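Heads up, the chain below is alone and in the form deposited in one PDB entry; it's given as structure tokens.
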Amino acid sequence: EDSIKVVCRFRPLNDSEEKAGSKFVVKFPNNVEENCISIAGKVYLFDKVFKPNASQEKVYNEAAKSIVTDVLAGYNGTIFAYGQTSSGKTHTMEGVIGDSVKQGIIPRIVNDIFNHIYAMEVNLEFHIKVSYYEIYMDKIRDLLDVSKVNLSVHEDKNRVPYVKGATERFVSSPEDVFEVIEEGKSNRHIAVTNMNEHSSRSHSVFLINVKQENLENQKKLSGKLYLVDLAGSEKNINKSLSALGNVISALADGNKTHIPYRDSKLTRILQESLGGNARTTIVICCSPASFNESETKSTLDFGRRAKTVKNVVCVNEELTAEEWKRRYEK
């Protein structure tokens, strides 16, 4: 009963763009609900629309709303950034780590997780593991350990697609996690000639597995929290992105059956995120430039279609076979 949240961010018109004679051609009819864009005769409504002067913090407050609360209550949650190259996926997911104002969703998330744990009463033992890898040309390289290239996907005991053989690092403070991110960022350069080119055509996948045990209940909860910065969505295209569209499309109205998750590694990893058991926000990012009109329009279409999709979401309680049997009676 849980619509995928879709949130739309326009960046400021930049230089290449004024000086190549691109006009700013986007409007924001309002509202009051502040959730609407007009481009060249089309009109779109989402959960929020952010204007070029919207700050990382403001954006974080909407996009990452309950997610850390949710993940700490044992819900899976995901955020990913979708749109063409240079529209601001990385600015948004990452921004400038270390800069208070200019940092993006991931780092805020990270501080915000630990602050919540501290301020938490009830004595709970947190195991927190993190992974960081990329999908490029439908192949997975672990950024934490570059000998693990071309990794494979497999389903688990619950039949949830996970990436097998990937480094999972324990962490106990923000500084820990940031050290891991900085590790991954240089590893990504290994064998890479043009990083602008490489990262615009690959998916960066950041994963925070959050296990909690209550040291009285004996109650174990769990939450997978995925932060993803996609390959650029431009044209045709980049094939995991057709897969993403095809999965989105197949989820319309109804419909939980015959869904082409396997069409790509990406879409397998994101399986719960789209239709399954997670709360999912998507940030679509857009240029406001006239030159980018059709690319913007499709990003918005994609957005349009994805808004309508509803997830099947519950607490990930960790039970033994015995308990689950009993928990069944009426």
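Throughout, we count residues from 1 along the sequence that is shown. By rigid core we mean the largest C-alpha set that fits within 1.5 Å across both forms.
The form solved in complex with a partner chain is left out here; the points below concern that form.
Three-residue candidate spot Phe114, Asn123 and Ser172; every residue lies within 4.5 angstroms of the partner chain in the deposited complex by at least one non-hydrogen atom. Checked against the partner chain in the deposited complex, the candidates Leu215, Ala73, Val101, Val146 yield a single residue with a heavy atom inside 4.5 Å, and that residue is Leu215. Only one of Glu94, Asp176, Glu234, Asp138 lies close to the partner chain in the deposited complex, with a heavy atom inside 4.5 Å, and it is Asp176.
Taking non-hydrogen atoms only, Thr167 approaches the partner chain to within 4.5 angstroms in the deposited complex. When the partner chain is considered in the deposited complex, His189 lies well away from it, no heavy atom lying within 4.5 Å. By the criterion of a heavy atom within 4.5 Å, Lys239 is excluded from the residues contacting the partner chain in the deposited complex. Residue contact check for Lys256: none of its heavy atoms lie within 4.5 Å of the partner chain in the deposited complex. With the partner left out here, the partner chain still marks one of 123 to 131, 81 to 89, 189 to 197, 248 to 256 in the deposited complex; by a 4.5 Å heavy atom cut-off that stretch is 123 to 131. The comparison between the shown form and the other one, aligned on the rigid core, picks out a single residue among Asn150, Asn255, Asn196, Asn115 whose CA moves by 2 Å or more, and that residue is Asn255. Positional change of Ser16 between the shown form and the other one stays under 2 Å at the C-alpha, relative to the superposed core. Fitting the two forms on the rigid core leaves the C-alpha of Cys314 displaced by under 2 angstroms between the shown form and the other one.
Between the C-alpha atoms of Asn255 and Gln271, a gap widened by no less than 3 Å is obtained in the deposited complex, as opposed to the form on display. By 3 Å or more, the C-alpha separation between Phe126 and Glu322 shrinks in the deposited complex relative to the form shown here.
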